[PDB]
């Protein structure tokens, strides 16, 4: 029921030729709305959702300046992190961070997040209170100490209560048809004989939004957790998601098995068997 505005930021210190030194993608819930990057110091921006056509030119001009300033700052931060971690100058290193704000059904603010990683591992996290920080080691402890002495989380809260809230409100209004929706899964069980005489049962779920889903197989009175093969949920490319879960079973016992599907768009767990 709640909704989130989320940005996923990456900076790279020695990118390959043609590769971005900085890139960020923005989402509302599970729908991407833009790409920003900087390649050889040139900032670029592209829309990815149809409601972005309603943004005024002033939106993109302000965004362009933010992209230039962020990329310069992340580059400087990568230089400092190399020194504090006693690392060599030749290699390429990675700085990632996530920024988000969350509202409830009635558009009331519920929370926000700021979290950063260096070379793929947690570095620092802003806590639930939006005032204190959680570090992982003595380098990030220095960062925490400086952020809390400076009171720097004040300025993140002002971003959350200002531009983050403004954009989430406007995007939920202009993109209402795409964003304020739940598409239920269309589900079926497929049957595949195997060369050795047993059978693969594959339970499919297609065409659902949002992405979060659960698929489970169950045998009469026996738990099949370790038995099933479950693929990571995956985009179909049209704005919906798909997934399957499979078990191998003896020929003739297919009706002992049941697939259960749980999704926001269903009124209750759906139960499926191989029909035949």
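Positions refer to the first chain, counted from 1. What we label the rigid core is the largest C-alpha set whose atoms superpose within 1.5 Å from one form to the other.
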Discussion item. Between 218 to 226 and 58 to 66, which has its CA atoms farther from the current form in 4 other deposited structures of this protein, using a rigid core superposition?
Written reply: 218 to 226
Fill in: 218 to 226 set against 63 to 71, stretch whose average Cα temperature factor tops the other in the entry
218 to 226
Worksheet entry | Mean temperature factor over C-alpha atoms, higher-scoring stretch between 197 to 205 and 156 to 164 | 197 to 205
Item to complete: Sort the modelled residues of this chain by their C-alpha B factor and say whether residue 261 lands in the lowest, middle or highest third.
Response: middle
Worksheet item: So where's residue 3 on the chain's Cα temperature factor ranking, which third?
Response: middle
Worksheet item: Where does residue 131 sit by CA temperature factor within its chain: lowest, middle or highest third?
Response: highest
Discussion item. Quick check on the deposited entry: does the C-alpha B-factor of residue 237 sit in the lowest, middle or highest third of its chain?
Written reply: middle
Discussion item. Using only modelled residues of the chain, where does the Cα B factor of residue 21 rank: lowest third, middle third or highest third?
Written reply: middle
